[PDB]
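Engineer: Mind looking over this structure? Questions follow.
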Amino acid sequence: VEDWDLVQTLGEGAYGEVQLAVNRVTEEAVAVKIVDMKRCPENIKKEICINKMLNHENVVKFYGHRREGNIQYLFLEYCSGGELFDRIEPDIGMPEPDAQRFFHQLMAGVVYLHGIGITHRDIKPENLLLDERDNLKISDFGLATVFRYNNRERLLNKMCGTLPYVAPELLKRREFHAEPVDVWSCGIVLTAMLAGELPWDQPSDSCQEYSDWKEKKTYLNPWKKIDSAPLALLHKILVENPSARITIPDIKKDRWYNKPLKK
Ligand SMILES: O=C(O)COc1ccc2c(c1)C(=NO)c1cc(OCC(=O)O)ccc1-2
């Protein structure tokens with residue numbers, strides 16, 4: 001209903017929905033995200049402003065914005081693959097070779113964002129959309145924010161994202177660096193793909209399962225399901241002191257990351 005028709009509901013979140021929109025002339029498809037500024041106008045001015053900076057093969061394409069009353073419409077690549085969340089078999093995961101591919105692509109996407117000084121802040125499988133040839137695209141810049149401007153980094157102080165994905169320091173410190181938290185959530189997504197389960201509800205000393213990982217009890221799952229090469233990488237990503245935690249340029253030199261698996 002706006003030059004294009006709204007065919008089916010797609011991602012009914014809080015604040016609005018995402019629809020599938022076909023143009024009836026050209027037959028082309030898009031995702032219309034629909035935010036009713038009555039049911040924030042501030043976090044939404046940022047989303048689109050961030051979205052206009054973005055252009056990469058692993059980040060959902062931004063086509064434009066119209067205001068139509070209270071109603072903001074963001075015109076967004078439609079990913080006919082859907083969510084990576086759905087290619088994770090509960091308790092089992094997915095073939096190592098697909099995980100490694102999705103991880104290569106997620107890395108590419110994140111390097112990109114980080115190189116333009118943007119942290120996504122909410123990387124989880126629900127936010128990783130797949131296109132028609134199963135290429136992974138980083139989605140939903142609703143919580144994204146700028147952490148380098150004019151070549152100066154600034155620490156974040158707002159807590160956000162999704163607890164099982166979040167990095168311990170975001171719980172513990174008043175200010176933290178933006179990049180390592182994005183790395184940590186990327187690691188949790190790896191664990192998710194390779195084991196089909198989340199290792200803990202939040203990285204708290206108060207959280208049993210989290211305490212067992214710091215004690216290297218990798219004899220429990222989801223670790224036992226994982227396999228020594230990728231698990232060695234997870235050991236370098238899910239490090240607690242954000243400063244000792246591996247960085248992306250170094251993930252790119254890790255053995256499992258550079259292992260041939262897939263045709
Ligand atoms: O193939 C299917 O079964 C459905 O395909 C989908 C399913 C969910 C979503 C899409 C495509 C999207 N394409 O862009 C999409 C975008 C979304 O954006 C959310 C945001 O920007 O917050 C959310 C859900 C979906």
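As shown in the structure tokens, the chain order sets the letters A, B, ...; within each chain, residues go from 1, and ligands are also counted from 1 in the order they appear.
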Tell me, as a list in words, which residues lie within 12 Å of residue 258 (chain A), counting only C-alpha atoms; anything in the same chain fewer than 4 positions away does not count.
Structural biologist: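 After dropping sequence-adjacent residues, the list is residues 97, 100, 101, 103, 104, 229, 230, 233, 250, 251, 252, 253, 254 and 262 of chain A.
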Engineer: Would you mind exporting N, CA, C and O atoms of the selected residues as an mmCIF file, in the first residue's frame?
Structural biologist:
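What landed in out-v5.cif:
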```cif
data_model
loop_
_atom_site.group_PDB
_atom_site.id
_atom_site.type_symbol
_atom_site.label_atom_id
_atom_site.label_comp_id
_atom_site.auth_asym_id
_atom_site.auth_seq_id
_atom_site.Cartn_x
_atom_site.Cartn_y
_atom_site.Cartn_z
ATOM 1 N N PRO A 97 31.090 -27.048 7.526
ATOM 2 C CA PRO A 97 31.339 -26.201 6.334
ATOM 3 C C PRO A 97 30.353 -25.023 6.078
ATOM 4 O O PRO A 97 30.798 -23.931 5.719
ATOM 5 N N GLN A 100 31.271 -22.331 8.842
ATOM 6 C CA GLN A 100 32.465 -21.598 8.452
ATOM 7 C C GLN A 100 32.220 -20.571 7.363
ATOM 8 O O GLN A 100 32.809 -19.482 7.358
ATOM 9 N N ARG A 101 31.326 -20.907 6.449
ATOM 10 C CA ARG A 101 30.966 -19.941 5.408
ATOM 11 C C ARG A 101 30.188 -18.764 5.996
ATOM 12 O O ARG A 101 30.493 -17.606 5.687
ATOM 13 N N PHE A 103 30.227 -17.721 8.974
ATOM 14 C CA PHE A 103 31.219 -17.000 9.798
ATOM 15 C C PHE A 103 32.187 -16.101 8.979
ATOM 16 O O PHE A 103 32.451 -14.912 9.393
ATOM 17 N N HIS A 104 32.709 -16.623 7.852
ATOM 18 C CA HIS A 104 33.476 -15.775 6.894
ATOM 19 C C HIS A 104 32.645 -14.553 6.491
ATOM 20 O O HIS A 104 33.105 -13.408 6.549
ATOM 21 N N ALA A 229 39.277 -27.906 16.443
ATOM 22 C CA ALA A 229 39.749 -26.730 15.724
ATOM 23 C C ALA A 229 38.879 -25.492 15.974
ATOM 24 O O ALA A 229 39.409 -24.474 16.448
ATOM 25 N N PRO A 230 37.583 -25.548 15.653
ATOM 26 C CA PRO A 230 36.706 -24.403 15.942
ATOM 27 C C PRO A 230 36.641 -24.062 17.440
ATOM 28 O O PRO A 230 36.493 -22.852 17.795
ATOM 29 N N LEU A 233 39.337 -21.734 18.367
ATOM 30 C CA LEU A 233 38.975 -20.360 18.039
ATOM 31 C C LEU A 233 38.023 -19.743 19.105
ATOM 32 O O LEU A 233 38.258 -18.646 19.625
ATOM 33 N N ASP A 250 43.260 -10.974 13.618
ATOM 34 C CA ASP A 250 43.776 -12.225 14.137
ATOM 35 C C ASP A 250 42.827 -13.447 14.000
ATOM 36 O O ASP A 250 43.306 -14.582 13.869
ATOM 37 N N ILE A 251 41.504 -13.244 14.084
ATOM 38 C CA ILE A 251 40.564 -14.293 13.710
ATOM 39 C C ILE A 251 40.819 -14.746 12.273
ATOM 40 O O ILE A 251 40.779 -15.943 11.956
ATOM 41 N N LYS A 252 41.090 -13.784 11.405
ATOM 42 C CA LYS A 252 41.419 -14.076 10.026
ATOM 43 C C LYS A 252 42.711 -14.896 9.872
ATOM 44 O O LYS A 252 42.955 -15.499 8.829
ATOM 45 N N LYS A 253 43.531 -14.968 10.900
ATOM 46 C CA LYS A 253 44.737 -15.822 10.801
ATOM 47 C C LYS A 253 44.605 -17.109 11.595
ATOM 48 O O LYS A 253 45.558 -17.884 11.634
ATOM 49 N N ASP A 254 43.452 -17.343 12.230
ATOM 50 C CA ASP A 254 43.225 -18.588 13.009
ATOM 51 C C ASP A 254 43.136 -19.858 12.127
ATOM 52 O O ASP A 254 42.661 -19.817 10.999
ATOM 53 N N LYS A 262 34.591 -26.784 2.430
ATOM 54 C CA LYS A 262 33.395 -26.649 1.553
ATOM 55 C C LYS A 262 33.562 -26.301 0.040
ATOM 56 O O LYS A 262 34.206 -25.298 -0.372
#
```
Engineer: For ligand 1, collect every residue having any atom at a distance of at most 10 Å from a ligand atom (counting only C-alpha atoms and all ligand atoms); output as a PyMOL selection string.
Structural biologist: chain A and resi 8-20+29-35+47+51+60-62+74-84+86+126-132+137-143
Engineer: Would you export the selected residues with C-alpha atoms as a compact mmCIF listing (two decimals), in the first residue's frame, please?
Structural biologist:
```
# COMPACT_ATOMS: atom_id res chain seq x y z
CA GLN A 8 2.73 -10.73 3.85
CA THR A 9 3.93 -9.90 7.36
CA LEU A 10 7.63 -10.81 7.86
CA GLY A 11 9.14 -9.83 11.21
CA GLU A 12 6.55 -8.53 13.68
CA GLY A 13 8.90 -6.92 16.28
CA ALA A 14 8.24 -4.31 19.01
CA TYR A 15 7.71 -0.85 17.44
CA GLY A 16 6.34 -2.10 14.15
CA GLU A 17 6.63 -4.83 11.55
CA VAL A 18 8.63 -5.74 8.47
CA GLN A 19 6.55 -6.55 5.40
CA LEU A 20 7.15 -8.15 2.08
CA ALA A 29 10.36 -7.43 -3.98
CA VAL A 30 11.48 -5.48 -0.86
CA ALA A 31 11.15 -5.51 2.93
CA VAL A 32 9.27 -2.53 4.26
CA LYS A 33 10.01 -1.97 7.88
CA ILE A 34 7.18 0.07 9.44
CA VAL A 35 7.72 2.24 12.47
CA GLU A 47 18.77 3.92 12.23
CA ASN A 51 21.56 2.96 7.09
CA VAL A 60 21.25 -5.54 4.16
CA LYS A 61 20.79 -2.92 1.39
CA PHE A 62 19.10 0.37 2.31
CA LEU A 74 12.43 1.94 5.57
CA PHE A 75 12.93 0.28 2.24
CA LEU A 76 15.28 -2.60 2.76
CA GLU A 77 16.76 -5.48 0.81
CA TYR A 78 14.46 -8.42 1.11
CA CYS A 79 16.41 -11.56 1.95
CA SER A 80 14.51 -14.54 0.54
CA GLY A 81 16.65 -16.87 2.69
CA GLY A 82 15.25 -15.56 5.95
CA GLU A 83 17.03 -15.78 9.28
CA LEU A 84 20.12 -17.81 9.96
CA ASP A 86 16.24 -20.96 11.20
CA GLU A 126 17.75 -13.58 14.35
CA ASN A 127 19.62 -10.54 12.91
CA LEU A 128 21.49 -12.41 10.23
CA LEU A 129 19.47 -12.62 7.10
CA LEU A 130 20.24 -14.91 4.15
CA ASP A 131 19.73 -13.84 0.52
CA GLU A 132 18.69 -16.04 -2.53
CA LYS A 137 23.65 -10.07 5.52
CA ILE A 138 23.85 -8.12 8.76
CA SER A 139 20.39 -6.74 9.58
CA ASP A 140 18.71 -4.22 11.89
CA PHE A 141 20.71 -1.15 12.82
CA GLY A 142 18.18 -0.10 15.41
CA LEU A 143 20.76 -0.29 18.18
```
Engineer: Where does DSSP see alpha helix (DSSP H) in region 115-236 of chain A, if you list the residues as a VMD selection string?
Structural biologist: chain A and resid 115 168 to 172 178 to 195 208 to 214 228 to 236
Engineer: For residue 182 (chain A), which of A:57, A:122, A:201, A:3 is the closest residue, counting only C-alpha atoms?
Structural biologist: A:122
Engineer: Hey, can you check how far CA of residue 87 (chain A) sits from CA of residue 195 (chain A)?
Structural biologist: 12.1 Å
Engineer: Out of region 83-199 of chain A, which residues get strand (DSSP E or B) from DSSP, as a ChimeraX atom specification?
Structural biologist: /A:83,89,93,118-119,128-130,136-138,145-146,148-149,152-153,156,176
Engineer: Which residue gives the smallest distance to residue 55 (chain A) among A:98, A:113, A:72, A:90, with only C-alpha atoms counted?
Structural biologist: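 Between A:98, A:113, A:72, A:90, the residue approaching residue 55 (chain A) most closely is A:113.
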Engineer: Taking a cut-off of 9 Å and counting only C-alpha atoms, can you build a table that, for each residue of region 175-261 of chain A near region 115-121 of chain A, reports the nearest atom pair and how far apart they are in Å (one decimal), sorted by chain then residue number, as JSON lines?
Structural biologist:
```
{"residue": "A:178", "atom": "CA", "partner": "A:119", "partner_atom": "CA", "distance": 6.4}
{"residue": "A:179", "atom": "CA", "partner": "A:119", "partner_atom": "CA", "distance": 6.8}
{"residue": "A:181", "atom": "CA", "partner": "A:121", "partner_atom": "CA", "distance": 7.5}
{"residue": "A:182", "atom": "CA", "partner": "A:121", "partner_atom": "CA", "distance": 6.3}
{"residue": "A:185", "atom": "CA", "partner": "A:121", "partner_atom": "CA", "distance": 8.5}
```
Engineer: Could you work out how far CA of residue 213 (chain A) lies from CA of residue 184 (chain A), giving the answer in Å with one decimal?
Structural biologist: 14.0 Å
Engineer: Compare A:155, A:189, A:216, A:242 by their minimum atom-to-atom distance to residue 174 (chain A), counting only C-alpha atoms, and give me the closest one.
Structural biologist: A:155
